[PDB]
Structures are given as C-alpha cells and as structure tokens.
C-alpha cells in the first residue's frame, strides 16, 4: 500500500534503456515504467523496499553521467501515499462526488517528478482528495493533477504545492464552486 | 441546425477551467469542449442562442485577463453553417464521392479558431463541400480541413479563406484532379 | 519480398498531398503512406519496381521545389531487406527470444528516412535481427529501432549505422546483457 | 620542524618590495622568498611563530590595498607539515623508491598558495609521501607536485586536494602503476 | 529559513507557544545556551535560551515585525540563516510553508 | 555543508554512530533540544535530540536518501545549511571531503 | 556571519572571554554538545563545547588567523555560516559591525 | 575516403592482400600505371602499380602509420582524396565503415 | 563531379554506351583494374572494370538513382569525388553541364 | 592537387616528359583508358591515355595556361581534384612543392 518509489527523466530513450538496466541489476526492484513520452523524453519508474529502491536510484544516477546533461529530473519517495498508487498503476476508477460544495485545485508542472512530489506532499499535509492525475500524455510534455476539498484545506495544500514544485510550476488555480457541467469532466 | 458558437484558446489548462466556469455561470449555454490539446493549449467551445453565447463570451474574456498574455485566439459566430456541426460534434460519416471531377482545396492554420472561421466563411460564399476537418489532434498544434467543388468555386473559396485566416494561415494548395489512390484518403 | 521503396518528408500537409498526386501520376506505384506526423510534418511512402519508383521520386522532387525549403529528407532504396517490410506494412508480430545472450543496439534519429536507410544498411552488413521499429509516433518527431545479435555483430552494425545516419543521429547505445524485466519490453 | 608559513602573490614586483618591507617591520619573521616569478608575478614567503606570522600577514595585506586588484592569492598555515619544509627551503634530496607498487597522484594548480595549502591538507589527512614540488619555475606560471602511496590512500588524498584547491585546480590524475622508465623521472 | 533569537530563560516557552499557536511559525526548538557579551565596556556572563524558528520565506516579514515590536531588550537579536533548498527535504519545506498560516 | 535532523533522544547515538562508521558523514554533534510543534491543531511539547551532521557536497544525496528511507516519522526533518567556503578553514573542508567515503 | 568552532569544555569560557574582550568578536554563545568522530579508524565519543561567534564580515580574516594560530588540535574546526542580511534585523547587524573593533 | 599509393609491380598483391586481411582497408583496386619522375636531375621512367584503397575516416591514421612504417622507398606516396559523401551511395559508405575493423 | 563505379568486364561498354546515349553522363572513361575484397571472411580476387563518369552537379541525383535501380550486385559502388572548380578548365565544365541533358 | 588530362596515346610520353623536365610538374602517372563520348550526336569510341599530374597549389595556374595554350583539341580536358592535406603524407607534399620549380 505504501512502498518506495523512484522516478527518472532523461532526454534519450537509448540512455533510458541503459539506465533502466543498471537500476534493475543493482537491487531487487520492480520496473513500473520504461517508455518514451512527449516531447521526446524517457520516463522510468520503480518500486519496492526503501533500501532497495535507494540502492537502485544511486546506481541509475551513476549511469546517467555518461550522457552530458541528459538528466532532466529525478525524485525518490520513501513511503508513497495510498491514494497515489491507483493513478500510477493505471488501474483506477472515477472517484464519486461525495460533496458538491468542495472546491478544486488544478496544478500543472513541467516534469513528472515534480508533479508526483507535489501531490504526495499536498496529500500528506492537508485533508484533500486526488481526483485526476495525468503524466505527460499528448499535452506537450506537461503533467497535471486535480485536488478536491474544502476551501481552507485547498488553500493550505496550494501553499505546500508552491513550495515543493518550485520553479517547475507552470500554473495553479483554485475554483471555489465548479459548475455542474464542469463538475462532470473534472471529477473524471 | 444553425446555433451560435464560441471558441477560446488559452496557454494554461488551469486557467481554462477557470474561464469555462465563468462562461457557464454567466449565461445558459452548452459546453461542447474543455480539454488540453497539442502543443499544451486549452480549447473551450460553447453553443446556444446568439445572445446567450455573446454574454458568455464576454464573461470568459474578462476572466482571461488574469493570465497576462494567456489568450491565443477567440472567435464567435452568430449562426454556424449546417455542414460545420457534424464535424464539431465528432459524430460524422465519410461524405460520398458525388463527382470524381471535383477539385480539392487543402488549408492548414495555426489555431482552431482561425480554421472554424475560415471554413464557415468559405462555405457561405462559394458552392463547395466540406470533406474533412481535424482540430489540433497530434499534428503539432495545427488544424486543417479539406473542401471540394468545381475549379472556379474552389478558387473563389481560396480567396475568402486567405482573407479571413490572415496571418494565421500556414499553407494553401489546390489540386485540380486528385488521383484515384489519393481520393480514397482525402474523401475520408 | 524485396521491392523498391521511396520516402519523402515535408513541412506541409497541403504540399504533401500535391507531391503525392504528382508521384502517383508519373509512374505505376503503390502509395503506402500519406499522413501528417509529429511534430507537424508529412510522410509519404511508395513501393513498386525500381525503375517506376525512381521515376515517381524524380517527379515528386520536382513538385517539392514549389515550397521553398519545405523538403526535410528523402531516400530511395532499390531493394529493401525482407525484414524491413513487416514493420513498414504495420502488420507484424513480436519476434521470439531465440537467444537470451544476445546484445541489443538502440538507435534514434531525427528523420524517418535516416532511420530506414540506417536499418537497411545495418541489416545488409552484419548478421543482426530487427526487433522494433517505430516511425514518428507521439515521440516528438523522432524515430527509433532496436537490433539484436552477438556482441561483435552488434558493434559492426553500430559502425555502419553511424556512417549512414550521419548528422541525423541523436543517440546510439549498446547494452551487452539486458535484464529479464527489460527483455520483455525491448523484444516487443 | 613545524613553524608557521605565510604566502602572498602580487602582480607587481615594485608593490612586492613594498609589501615585504611592511611585513618585515610589523613582526620578527624570517623572509624566505621575495622574487619575480612567471608569468610576471611576485612571490613572498615568511616563517616564524604563529602569532608573529599572523601579525606580519595582516600588515602585508594592508599595504596590498594600495594596488587595486594587485593581490592574486594568499595563505597562512599555523603549523606546516615536516615534509613540506625541505622543498620550500630548496635544499632537498630525491626520495628513495621504498615501494614499486605505490601509485602516484599528479596535481597542478594556478597559484603557489593553492598548491602549498592542498599539499599540506593532503599530507595531514591520508598516509602519503611527497615526491616532487615545483613552484612556478618556467612552466607558464603554474605549480605542481607529486604524491605517492597506496591506491586507497591516494584516492583519499585526491578528495582532500579537490576540496582545498577549489577553482584553482587545473588537472588531477592518478596513475595506478607507473612504468620503470617513468618511475625514474617521477621520483626525482 | 531558520531564524535565531535569544530570550531570557523564563519567557522562552511562553513566547515559543504563543508564536506557534498564532501561526507565525511552523516549529520552534529551544536550546539553553550561555551568553558572553560586553556591557558598558566590561565582559558579562548570563544564561539565556536560543530559539531556532522554522518559518517559510513568506512569513519572515511578519515574524520580524512581530518580534521587535514585542522584544524586551533595546536591540533584539534576529538573524536569518540561508537554507540550501535544493539539497533539503522538499516535503518538509512544503510542511513548513503550509503550517505557516499567512492570516 | 551542515545537515540538521531531529530524532527522539533514545535513538540519537545509535543513529549517529551507524552514520559515521558507515562513512556517510565525517562528524556528528548531538544537542538535546526542546521541541514545540502543532499536532492535530494543538500545541504539543516533546524532548528530542538535534543532530548537526558534517558532510561533503558530494555525500549529501546519499545522506538524504539514507535518512528518509529509514527515518521513523512520516515527514523527516532534513535541512541543509549553506556554508560560506571562502571564509572557512580550507584544511577542515578537505578533512570533511576525505572522511566522507563515497563507497 | 556566524562562525562555529569546537573546543574542550575546560577552555571554553577562557577562550570566549579572551575573544570578546580583545574585540575580535561582538558576542559568543556556548553550547555543550556531544561529539562523535572517527579516530584511527574507530568511532570515538567525547564531550566538547560548541562556540557560536557573532562577528562582522570584516573581522572574519582576523578571527580565522587568530583561531588556528592558537587552536590546540592539529586541524581546527572553523565553519562560517552565510547569513541572509536582507531579512535580518539591520540594527543588530550594525551593532555587530560596531562592536567588532578592527584595531 | 580514397588513398593512393604507388608500389613496384611485384609487391602489389602481397601488400594489398595483407592490407585487407588485417582489417586496415575494406577494399583495394590495383591499376598498372607508367611512372615518369625526376631522379638526380634526370627524367626517369619506370613501371609501377597504383593502389586505390577504400577506407573509412577513422581508419586513415592507422593506415598512414602502417604504410610509412613499412614502405620501401625513402618518401612514400600517400595522398588522400576528399569524397563528397552527400551525393555518394550511403549504404556503401556504411559497408566501408563496417569492414574497416578498428581492432 | 566524377563518379566511380565498378562493374564486371563484360557489361562495361554496354552500360557506358547506354549511360551516355541516354544523356545521363557527358563522358565515360573505362579502366581495367584488379579487385581485392573480402567475401565470407576470405580474401578474394577478381577482374573488373572501373568507370570514371563525368557528370554535372545537377545530373548526379538522376545518375545515382539510375545506377542502383539497375546495378547487379547487392551493394553498388558509387563514390562521388569533389572537383575543385576554381582551378579547373571552366570551358570544359560548361561542356559537361551542356552535354548532361536534364530531360 | 592532382590534375587529370586526356591525350591521344602517341603524344602521351612526349608531353609527360616535357612537362616534368620543364619543372611544371613533380610527377606524372600514365594510364591507358578507353573513352566513350558523343560526337555529332553519335556515341563514339576511342583509345586515349589518362594523365595524373602531381603539382603544388602554386604551380596550378602555370600548368593550366601551359596546357590549353598547347592542347590539340578544341576543348581540353583539365580537371583538378581536391586533396585532403591533413590526412596525407606531409613529407610527400613538401616533395611535391619543392620539385615544382616556380621559375
């Protein structure tokens, strides 16, 4: 439910396959992702125990030094939130509309690693819910997610998101009461 | 058959959700589209009565001023052509080859709003037919459409298209007699 | 099994339809491809007899001079390798893992024409196998392929690939022994 | 055996004589060096007790403010290593080859002060030996030294040298087993 | 960042609790130190408490204004330490920013 | 740089010794502090130990990964302080870099 | 800035008083810490005192030279912390600069 | 590129075969030419063999070193011709690069 | 430029005449050479004919396409040599360009 | 560079010897080739000799002027090949430059 996670982004798919092989050889982890994404990057995701994933991440970072400037971002979370896993495993269902009075927060970042880190921090701090999470899928390389909750909770999580994301944040918007027509598409 | 239409393009999906909410609250319209498109834009489409759609477009433009320079294009048509609607509603069928001697005109523009405006103007002016209409779908953010008719009619519509599109036109080509092998793919 | 092949890349889809029509009219060839691809290009592929395909390629190059600087790349192969055809025709199956000790070579290029030329040269020179071949499909306009064989054979083919591709090569990597988890995704 | 040392480098020999006079007047120290060196610098070295040398260094730094930007580097060591002194006093003998299996570390820096500081730090940290030490003598203004020891000891000292030297390091190389012909010239 | 202030040992916890419960700081650590300073040209010696305050970059101006508008002595100690954010735990920096209620 | 973490007083020395003997840090200083923090909207009060870890600029990523992969609490405290290297003792900075075994 | 040095507990106050009364530092805070370090490849454990020295940017070179010309051990600890001056109390920074007699 | 050397007619094939079988050149063509040159100020006339060597851009330095370290005469003929690669058959250039074993 | 191809000795003149009379080349020179190449890892030896084709810069793409669409072997030899036009006879370069009928 | 001219087989050696002994070229190689060309719209066929002239970059203008001021046919063949000097034997390039007497 709460394993460790490691994320790497590289400019080359060829170096991505080399990096993934080094990570898999170093420690007994499970490869969640190794594929090219927009706009011509490579995304690698692993999971397992915190010590094994840390060992694999160190080995993968060693190999990436072969490509001068080929590393875009990376992250490592020692214990992922339970709400993050269904969206990463790609097997998920649309959450119900438990409260029509909930506000929404829409966040978009440049990198996948920044999005996963900011979402995990926001979920751990404020009492909010994750409605949507899209990871660089035909949107020009950006990533975005949507959080739901009260107005005070959402503004608290906006503070956490702004701090974690840093200079990789593209935009952040809070909508106090979504319309009925919008609520159908957002809650998906 | 001939309602009003309003189109907005924005650089941010977060501001797109805010703009869509303001438009829906202002007037009783129907939201046709609110989604991210290539290369990282947001597309919003509404329909209804001319006065309601004009009211919603004014309100949406007010909200877009929050994002400094976030508005890319917009348009508002008081009465859409009957031939445009099946392609916008996404439920359409391949038109038949009513005349093999028809010429074709292929037009591509930078923005979706310019394409819809140019197509509506060309259809209202010259006696031509709309064969295809693709709106920023994995083609690097461009949009394109294909018109069919006689040679004189097609060159008349090319004049209208060049005037309406303006500086958002990318290319324009007239093919006097398409080959049999090409005619299959074009008429789709 | 081994016909001739001709490839053209253009910046405009409108000029792509014009170029395809001229090529089809010049010689009795078969149109394999005419579509827009990322990041806003046009790809045209034909096949037939070497003399007919050469005639069509000459005519198509004449039309492309109308677009000043619109030609990106082109190639013409007098006899394609038998292993290339299933990947170009899009009807292919995942090759079996005939030897777990095989090394892999991952190559990515800027253009489709460079990828097809480099793959054909490498297959003709060294005793290697083609595992995967992706032609500008939602990866930011790049193309890539994967070759498999012994270590000596793979390094021989890397020399051929570097020479043919030239300045259109993006990256090239040799992985001596892929992991079991990686081998599943690579051999696809 | 272990007195204090102070080093100053200046762009002008005329200001070097002024600085040396101020330092000598301030405290009872011994002038080890006052001469022009390549590529047109001035080198001043003093020795004595830690409090006297600190007093002289403060006075010398006051005078150097007359020359705007004339100070290149300076350093002050409260207790020099016993192995440094024979090379600074210029009366030294070639160390014997106590172990042919020793590795060597060759370090070159831009300034004399950086070389003396890095050598003293490396000698204090790891169990290594100083074989050679040349201080800006017809080599274009650079300085270099050579250390000898085991492989683990030499790599430990390389870490210390990189930290102390900082941006004044030019190159650093570790040779695991020097050849017999090279060993004659290196051990000199 | 981290802000350092020095207060007499008696008013350490009252100030710290009132600083946290008012939302001006996410966290406070208290260290009993021994202070050597010059008063009227003579070296004195007193026992004080050192406060390490964890606040966000946006709550610093409110914290400084709140401190010297209430600090007992004539010249309050208030030093802000630069924190290297790229090598720090980013999820804790988010916790610091969220628990510093702007109000 | 200097890294600050907070641990309960019982597991301070075991963590510090295991951190140094494994080559992840050249030196550790332990300070008993008193912690005031907000838990469930109420101001709490606990006794902890503050760890000042002296590590090189290259051993920081290994130290951060080692800390939060083993830290007990949900959000570990890990703050890295910027050190002005031009005014510091350069021979100690070399000692820090050499005693931080990369492994 | 703030300079950190570590001395044995016996010579803490004598060094601090002599450092302040000589005008080399405006203020010194003394903290009893517990030190874990590696000596001859074995993890040792000793009790020391941590000195937090408040000095101006101009008195740093005199302070560093004064410290390592008199420090007992072979490699003295001397780390200078970068202070963010724009968010700090500016009237205290003036007090620090004025009480650091250049001499 | 293409490299041109001139050798006496007897040692043409032995040199060519030994050059190809050692992987220093992908291909060699041999042409019997007639040579007119000046020796000791007098125009001479001899029969030789012209070698056209097809090698890659990376195997040129090894080929030149191999040639003049073994060439009989005092000043060996070794001229490299620039090849326009954009108008040449690219699949043959790949064959040349692959058959020139770097070793 | 000058293009070099290698063909078996029997089909040399038929190919050359058909190449000139079709306007694809202004001029062809035929040289009987002796070819040493590696086939299946063994050094072979065959007699061929070397073709030196004089064509203009505009007729090169048509010539290359015409050659490999009709060349017998699997990998045809087609190398284009760069010609220094500023030092060459310019009236012959005009003859080459005029006799290469674009068609 | 290398210059190529074509002459009838009878006047090959007289022209080559007179070209070398006059100092206009360091070296000449003679190859009997077979020429296919178009005369009056009909493909003809004649036997000629191909001359490969080794001259320096400074003796080229004198060589071209000397050739077409004495060449029999109306449009003389004179093509200069670009030589890649960085990968060629530099001591032979010096021999070529020294044996091309400027006069």
Who wins for biggest fluctuation among J:54, J:24, J:77 in a Gaussian network model of chain J, springs between alpha carbons below 10 Å?
J:77
Under the √(5λ) rule applied to the eigenvalues of the Cα gyration tensor, what semi-axes describe the equivalent ellipsoid of chain C? Give them in Å, descending.
31, 17, 14
Computed label-point distance, nm, for sites residue C:180 and residue A:93 using a 7 Å Cα→Cβ extension
3.4
Neighbouring Cβ atoms within 10 Å as the yardstick, rank A:65, A:168 fewest first.
A:65, A:168
Report the calculated FRET efficiency for residue J:18 and residue C:168 (r = Cβ-Cβ distance, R0 = 51 Å), to the nearest 0.05.
0.50
Which value results when the Cα radius of gyration for region D:56-120 is divided by 2.2 N^0.38 Å?
1.52
Neighbour-count order for G:17, F:91, fewest beta carbons within 10 angstrom listed first:
G:17, F:91
What percent of all Cα-Cα pairs in region G:2-52 falls in each 5 Å bin, counting up from 0?
5, 20, 26, 20, 12, 9, 6, 2
Using only Cα atoms, what is the ratio of the radius of gyration of region D:141-188 to 2.2 N^0.38 Å?
1.25
Here the convex hull volume per residue of the protein assembly as shown, taken over Cα atoms and given in Å³, is 242
Relative contact order, percent, of region J:2-89 when contacts are C-alpha pairs under 8 Å separated by at least 6 residues?
40
Compute the label-point distances linking residue A:184 to its equivalents in the other copies; points lie 7 Å from Cα along Cα→Cβ; give nm, one decimal, shortest first.
3.8, 3.8, 9.2
On a 0 to 90 degree scale, rounded to 10, what angle separates helix D:50-64 from the longest Cα axis of chain D?
60
Considering only A:132, A:177, A:47, give the residue with the highest GNM mean-square fluctuation for chain A, with springs between Cα atoms whenever their separation is below 10 Å.
A:177
Between chains B and A there is a rotation axis; tell me the chain B residue with the nearest beta carbon and how many whole Å away it sits.
B:138, 4
If R₀ is 22 angstrom, what is the calculated FRET efficiency for the pair residue F:101 and residue D:134, using the beta carbon separation as r and rounding to 0.05?
0.10
Across region F:37-94, how large is the tail of the calculated P(r) beyond 12 Å, expressed as a percent of all Cα pairs?
78
Residue C:51 to residue D:150: FRET efficiency via 1/(1 + (r/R0)^6), r the Cβ-Cβ distance, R0 56 Å, to the nearest 0.05?
0.20
Distances in nm between the label point of residue J:85 (7 Å along Cα→Cβ) and its equivalents in the other copies, shortest first, are 2.2, 2.2, 4.7, 5.8, 5.9
Rounded to 10°, Cα long-axis angle of helix B:13-26 versus longest principal axis of chain B
80
Over the Cα atoms of chain H, what radius of gyration and what Dmax do you get, in Å?
14.7, 47
Would you mind telling me which residue in A:98, A:35, A:137 has the biggest mean-square fluctuation in a Gaussian network model of chain A, where springs connect alpha carbons within a distance under 10 angstrom?
A:98
If I take the rotation axis that carries chain J onto chain E, which residue of chain J has the nearest beta-carbon, and at how many angstrom?
J:86, 23
Please report, in whole Å, how far the alpha carbons of region C:23-80 spread along each principal axis, starting with the longest.
31, 22, 18
Can you list, shortest first and in nm, the gaps between the label point of residue C:140 and those of its counterparts in the other copies, using a point 7 Å from Cα in the C-beta direction?
1.5, 1.5, 3.8
What angle do you read, to the nearest 10 degrees and between 0 and 90, between the alpha-carbon axis of helix J:12-21 and the longest principal axis of chain J?
20
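All of the numbers you see were taken from the coordinates with simple rules; none came from a lab. Using ideal geometry, Cβ is built from the backbone for each residue, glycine included, and neighbour counts are taken over all protein chains shown.
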